[PDB]
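Chain by chain, the residues:
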Amino acid sequence: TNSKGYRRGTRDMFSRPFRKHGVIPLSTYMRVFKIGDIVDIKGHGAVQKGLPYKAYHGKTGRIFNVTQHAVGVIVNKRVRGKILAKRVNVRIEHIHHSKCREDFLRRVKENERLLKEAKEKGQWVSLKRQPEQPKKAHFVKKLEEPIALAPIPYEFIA
Amino acid sequence: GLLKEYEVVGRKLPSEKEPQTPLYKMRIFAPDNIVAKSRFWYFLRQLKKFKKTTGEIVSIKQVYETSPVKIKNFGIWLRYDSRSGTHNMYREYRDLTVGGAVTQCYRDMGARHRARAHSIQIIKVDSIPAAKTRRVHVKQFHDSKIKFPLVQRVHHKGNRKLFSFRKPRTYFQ
Amino acid sequence: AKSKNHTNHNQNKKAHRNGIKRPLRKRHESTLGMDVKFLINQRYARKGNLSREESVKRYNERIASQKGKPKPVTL
Amino acid sequence: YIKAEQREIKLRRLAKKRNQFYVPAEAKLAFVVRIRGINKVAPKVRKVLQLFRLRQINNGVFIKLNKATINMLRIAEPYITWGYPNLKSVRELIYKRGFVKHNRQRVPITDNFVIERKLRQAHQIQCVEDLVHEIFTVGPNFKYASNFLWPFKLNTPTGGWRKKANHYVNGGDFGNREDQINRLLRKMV
Amino acid sequence: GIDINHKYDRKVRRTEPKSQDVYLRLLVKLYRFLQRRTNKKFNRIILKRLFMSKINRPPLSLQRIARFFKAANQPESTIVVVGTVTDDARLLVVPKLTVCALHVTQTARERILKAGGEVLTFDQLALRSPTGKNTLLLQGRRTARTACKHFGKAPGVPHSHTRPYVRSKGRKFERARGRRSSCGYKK
RNA sequence: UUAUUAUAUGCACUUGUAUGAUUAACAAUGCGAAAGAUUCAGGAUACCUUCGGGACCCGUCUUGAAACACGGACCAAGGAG
RNA sequence: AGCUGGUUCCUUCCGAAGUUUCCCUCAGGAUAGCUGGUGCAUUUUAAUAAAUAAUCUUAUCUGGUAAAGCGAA
RNA sequence: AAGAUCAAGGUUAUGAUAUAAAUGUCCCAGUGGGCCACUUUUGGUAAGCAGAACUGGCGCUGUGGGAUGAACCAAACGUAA
RNA sequence: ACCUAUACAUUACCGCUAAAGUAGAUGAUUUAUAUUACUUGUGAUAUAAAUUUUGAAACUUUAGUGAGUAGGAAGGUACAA
RNA sequence: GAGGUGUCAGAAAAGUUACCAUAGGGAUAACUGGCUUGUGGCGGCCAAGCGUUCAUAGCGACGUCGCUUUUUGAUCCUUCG
RNA sequence: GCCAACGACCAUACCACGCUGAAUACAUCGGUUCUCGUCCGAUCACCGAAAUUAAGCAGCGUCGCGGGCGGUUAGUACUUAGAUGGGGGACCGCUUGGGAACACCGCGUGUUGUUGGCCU
């Protein structure tokens, strides 16, 4: 009957992968973590204090507490069955800022530029992101010679 | 199964930073414009990677049999898949049609080997000019002075009477 | 009389029926595990703020008379 | 619309004369019609079908051909046959088969006036045909226009192949049969 | 193969008050005529506000009528209460207004009429103000009830302040094991 | 410059078209023929007949009951949230 | 008696679960999940959105299976 | 660092949708004996065998189809042309 | 090409859900006219004709949908007092 | 805070019943049948060897593919009112 | 460029074998009163006088050893999704999407932050 402890299956979760071996280098702390910023939790198993319990590895939350040597990140974790909210106190040695958020911020500044540029052009804005549409009337010039070549196959050979 | 021959071309996606991915083409036997593209990727994959939808279709175009009244011998070179056993063929077909040749091919392949339309791969098409026809059955047709008996007949059933009182009458002289 | 231990069969059907249901982006901000102190002078912050157009204007008038703070940011 | 047909025809004419192959602008706008169940369907696809609004067999909606949509149509493939609908087909569908969503209730049309009815704020749209322009061209108010139509519910076409659940390549039905839908769709209305 | 006409299509909310009261429905019938015929949301919600069960209708007390007066832009105001209006002894000074209500308790009618205010029926407020001019619609405190306390009765998750369903309150009545850290666990 | 289309085409009358489930012009026939009562149309009443097709025994525990699972010959009346 | 058997009119509408946990528990309960009913508050998700819920896509994280490796530990 | 006061902002900043959704009470029944199939799999030579993962059915489902059939296929059933 | 499920399309019809109005009758509304006012043409008024006394705790009006054990709710029916 | 219930969310507990009794159970053994076929029985394939010579007259290693269900296990679907 | 101190990323910085290193300098490298630490003034503590860029360190070279990245390998492998597709089965074609790895090949062999100095 079952699995259950805490460290179940974490041979490769807490594995430092080849040539990244040792003492967690200082840049990790140098990043200032501020309440409301989106953070990704990545289990570093060499920093054994403030360990993010195995379900929380690559489950990403927003910061609602900063404490003297822990960052309290609210990960919303799918239960059987009512999404309860968990404040997990985990260290910065395991906590890395999500640049999922920066994409949003880059957009505000870009949208404001496009808005201004368009307004000074008079018309028109259309700053909302449209995914890759079936494109265009494509002219291929030979140049550099007509095509043609067909293909295949003699693919025997065991 | 409707045998129409199609020219399909496909480049592999379009970046402005990244010039002009090379343009491959094929002749494809398909009833279907979609089957023309479908086979086209599968054969393109065999040399040159190019998965649709990291793949760019390009143009789907049907090609024009040059001589459908034209009286020609075709050799087709063919690969088929048997159950434990993928092998190569050369067979020669006397047809109006490169389209008609392939349609008679899928039927013939289907029959003798149990030849799966999905299990068959085409290979190559050439029109045989002139005594390059290994083809014992084929070369019978090339023969000066080609007169040939009509062997047998085919008895429409019965009649315009279901009730044929005038007895067929296998005779015919 | 071997029964069967554990099927997660139909659990995921069950969940989507009346939705697993995400809560809220609370503009009215929840607390717990804030190191007691911030909370103490957060309480004072709210209280001392008493309201406010004259209060900001009087301390702006102090900052222009004092000017103030070349030292603090560099230390 | 008539000019639109001429532009395509002329691009092809001018190219081929200059030796050039002008390969003509890849198609926007798909019509999706439901061949399949709901029962004996996997839930990923069941969910995708509800969102499309395709509730019953042979009910069909128009769906904007985007990178977003096309992936939902892929998981939906054995469940759907789809193609590029001609303007005749869109016109046949709205005038005979086209109902309106007004506070739940599925409400006639046929009046110009009842289409002016809402869509005059989406300017230049005061007619039954002007709604189909907006659908056809994938005009900016396509979200609301497509919504306004409640899925057109369409008899059966004509001898619709026994093999049914095979990709169109295999003689199937199911697939993006492209331009060959125009024959199908016109008959199914 | 309808994907999916599942649920809910039974919805939620009373067309008509769940009451035998012949008086009550006449007010509903009156305001129902006033709804679409005269536009305006005062008719729309008072129609609904008659539908209301006795809970969701909890008694509005006279001191709540008197605090609303302290409000800016409110001195000329005929306070609407779709409800029972209850006398609050503690308000020394009860201000003048006409108050329109379904029912006014007899001790509450004397302190309105002493003020010197008028105690009014909604049908006479409908005549006066079919345009709902200078009303103020007050709704009672539902949070007060003993039933609301009991909901959420849960131990574990650092909550409740909920009141266990106890016939008798005292020592030997649920003080022990599970209320306190001493006898195993804190709530 | 030419073609096309719409507006400047009102009032009377109208078995005109539609008016959002627009079956009726027109006509023939039976017949209500006082009470009495002819004739016509229409019908898986009971039940009979003739034809096709479908119909395995309910109650129940059970994963599944027509079961070579169990109670129940048949009927009335008492008879259990 | 946690067992077996039976439980007495109809129609309409919606409509399960054999799973979780604990229990001398394992032929059973409680409990959570699924179920209905009762409603309530608001509908730009409401009566003549710049507010979401949850599925694609996109962007941004995670993973040691398939495959591959052993002239890599 | 929070609470937060004040001022600036073209188009609200992926796509379909919403059968309206969220929320509370009952602490409600019924369930706690599952069964089968695609796919993935462990034990076992294997089993109409014992046991998981995901998903659908059957359980609660006829009808049409597989001659036949709980489960497979097609399809979810108001009454009829 | 043909055959064919209670599927699918349309239509009538049942129910359930939805969505909207219905509640000046000492009054309202329609129709025809005579008179009067303004104007081409409309209204007022007089007269004559016609409709309207709504279980407004229901009807008129509308659309979408219906398998169903366990079970739940809703509304009737029968029986004795 | 400690002392403890290991059936470890916490009964305080020895045999025997072929003298037995009950309420049930095909959720469950024995037993028929069904699946399976390792094991058993029967039959092959390849062929190193035996056989004076000569692999197969009759045989046949090391291997390997089956069939049968009549061995025995494996199973518990049905049957314990 | 070099050098120092303080570092980031973390082998393009390592390894191996040579060559070279001017100047402000690290270093090489000396002395042992004192403090201080060592069995031993090797380290460590202190004093900074005589030498030297050979080494550390840095750079430069190397079809090296290793390491990075891209292609190639390979749309294969593998796999999601589909069929009243095939095969006796084991499994396998097709069809809609996604997509490796070893290997081989090419090209690089530390870059850069702060702060001070030196500049061939």
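Structural notes, computed from the coordinates. (Residues numbered from 1 in each chain as written, not as in the entry; some residues may be left out. Chains lettered and ligands numbered in written order. Part of a larger assembly, values for the part shown. Heavy atoms only, no water.)

For the structure on display, the rule yields 18 salt bridges over all chains. Linking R91 of chain D and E129 of chain D is a salt bridge whose minimum nitrogen-to-oxygen distance equals 3.5 Å. Taken as a pair, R91 of chain D in helix α4 (residues 87–97) and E129 of chain D in helix α6 (residues 128–137) lie far apart in primary sequence, 38 residues in all. One salt bridge connects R128 of chain E with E118 of chain E, and the closest N-O pair in it is separated by 3.2 Å. Of the two residues, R128 of chain E is situated in helix α5 (residues 122–128) and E118 of chain E in the loop between α4 (106–113) and β4 (119–120); the sequence distance between them amounts to ten residues. Using a relative accessible area of 43% as the deciding quantity, one classes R128 of chain E as partly exposed. Of the residues examined, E118 of chain E reaches a relative accessible area of 31% and is grouped as partly exposed. (Salt bridge = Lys/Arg side-chain N within 4 Å of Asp/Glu carboxyl O. Helix = DSSP H or I, 4+ residues; strand = E, 2+ residues; numbered from the N terminus. Buried < 20%, exposed > 50% of the residue type's maximum accessible area, 1.4 Å probe, protein only.)

Quick look at the packing of aromatic side chains now. Going through the model one piece at a time under the given rule, you end up with 13 aromatic pairs over all chains. Centre to centre, the rings of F139 of chain A and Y22 of chain D are 5.2 Å apart; their planes meet at 40°, and the pair counts as tilted. Taken together, the residues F139 of chain A in strand β6 (residues 138–140) and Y22 of chain D in strand β1 (residues 21–23) connect one chain to another. Owing to a relative accessible area of 34%, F139 of chain A belongs among the partly exposed residues under this scheme. Look at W161 of chain D and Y168 of chain D: their rings are 5.7 Å apart centre to centre, the planes differ by 80°, and that puts the pair in the edge-to-face class. A residue is classified by how much of its surface remains accessible, and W161 of chain D, at 32% relative accessible area, is partly exposed. Three or more aromatic residues joined by ring pairs make a cluster, and in this case those are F31, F62 and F152 of chain D. (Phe/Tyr/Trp six-rings, centres within 6.5 Å; stacked < 30°, edge-to-face > 60°.)

Residues and elements named next belong to chain D. Tallied over the entire structure, the rule returns one cavity of 30 Å³ or more. Its boundaries defined by the atoms lining it, the largest cavity holds a volume of some 30 Å³. If you go around the largest cavity, the residues you meet are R53, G60, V61, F62, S146, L149, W150, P151 and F152. Only β3 (59–63) and β7 (149–150) provide two or more residues apiece to the lining of the largest cavity. Per-class residue counts for the lining of the largest cavity are six nonpolar, two polar and one charged. (1 Å grid on protein atoms, 1.4 Å probe; cavity = no way out; pocket = protein on both sides within 12 Å on 5 of 7 lines; lining within 4 Å. Points joined across faces, edges and corners; volume = space filled by probe spheres on them. Nonpolar A, V, L, I, M, F, W, Y, C, P; charged D, E, K, R; others polar.)

Below, the discussion takes up the layout of surface pockets. Over the atoms rolls a probe the size of a water molecule, and its path tells where empty space is left. Size it by volume and the second largest pocket reaches roughly 1,200 Å³. Lining the second largest pocket are 28 residues, with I74, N76 and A85 of chain A together with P23 and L24 of chain C positioned closest to its centre. Of all elements in the fold, only β2 (61–67), β3 (70–77) and β4 (84–90) of chain A reach the threshold of two or more residues within the lining of the second largest pocket. Residue classes in the lining of the second largest pocket are distributed as 14 nonpolar, five polar and nine charged.

When the parts of a complex come together, some accessible area is lost, and that lost area is often used as the size of the interface. In this complex, chain B contributes 16 residues to the contact, which on the side of chain A involves twelve residues. Overall, the association of chain B and chain A removes approximately 1,500 Å² of surface from exposure, summing both partners, and the carbon and sulfur fraction of that is 67%. Considering only the surface of chain B that becomes buried against chain A, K25, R79 and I123 of chain B emerge as the three largest contributors, covering 32% of it. The interface formed by chain B and chain A holds zero salt bridges in total. Counting the contacts that link chain B with chain A gives two residue pairs in polar contact. For the side of chain B that touches chain A, the secondary-structure elements that each account for two or more residues are β2 (24–30), α1 (33–47), β5 (85–95) and β6 (120–128) of chain B. Grouping the amino acids of the side of chain B that touches chain A by side-chain chemistry returns eight nonpolar, five polar and three charged. (Contact = heavy atoms within 4.5 Å. Buried area = accessible area lost by both parts, 1.4 Å probe. Polar contact = N/O pair within 3.5 Å; in protein donor to acceptor, adjacent residues only side chain to side chain.)

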